[PDB]
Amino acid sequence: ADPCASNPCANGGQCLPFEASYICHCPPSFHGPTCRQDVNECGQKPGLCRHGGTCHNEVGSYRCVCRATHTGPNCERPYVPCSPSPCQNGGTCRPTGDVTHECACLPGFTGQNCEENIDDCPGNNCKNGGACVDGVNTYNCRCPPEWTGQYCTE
C-alpha cells in the first residue's frame, strides 16, 4: 500500500499518503494538485526585479531584464561599464558614459570588445601540405610528418 508509487507530485513536490489517495506539498516555483502549474513569481513578489527592471515569468523560475543603469539577476547592483571589463584579449576599457564603454584593442584583434582574432592566414607561406594556424598578429605552420621548418620546407 503506497499511493505515492506512481510519482504524482511533479517538479519537486513531496508526495504523502492522504486518505484513499495521496497529497502534494508543492515547492515555491509551482502549485496545484500535482505541482504542475507554474507560480508567477513576478506577480506574487512585486519589486523582485529592483531599480525599475522588468520581470519575465518562466516555467519553474523567472528572469529579470534590467534597466541599462543596473545588473545582477535581480538588478540589485549598479552597472559599472569597465568592471567587470568586457574587453577580451587584454584590451583596455575606457568609460564613455553612465552606461557606455569603448575598448582599445591590442594589435591582432578587432570588434566592439576585442572579441574577434583577425585572420592572419591569407597569404601564408606554409608549404608541403602544412596547415596555417592563426596567432597574435602572426601565423604558424603545422607541418605534416615528413617536413620541418617555419614554412615546412626542411
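Residue numbers here begin at 1 and follow the sequence given.
Give the stretch, out of 32-40 and 58-66, with the larger mean C-alpha temperature factor in the deposited entry. According to the PDB entry, the answer is 58-66.
Per the entry, where is the mean C-alpha temperature factor higher: 89-97 or 117-125? Result of the comparison: 117-125.
Maximum C-alpha temperature factor, selected from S21, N137, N11, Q14: Reading the PDB entry, the winner on C-alpha B-factor is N137.
Per the entry's Cα B factor values, which of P107, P27, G53, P46 stands out as the maximum? It is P107.
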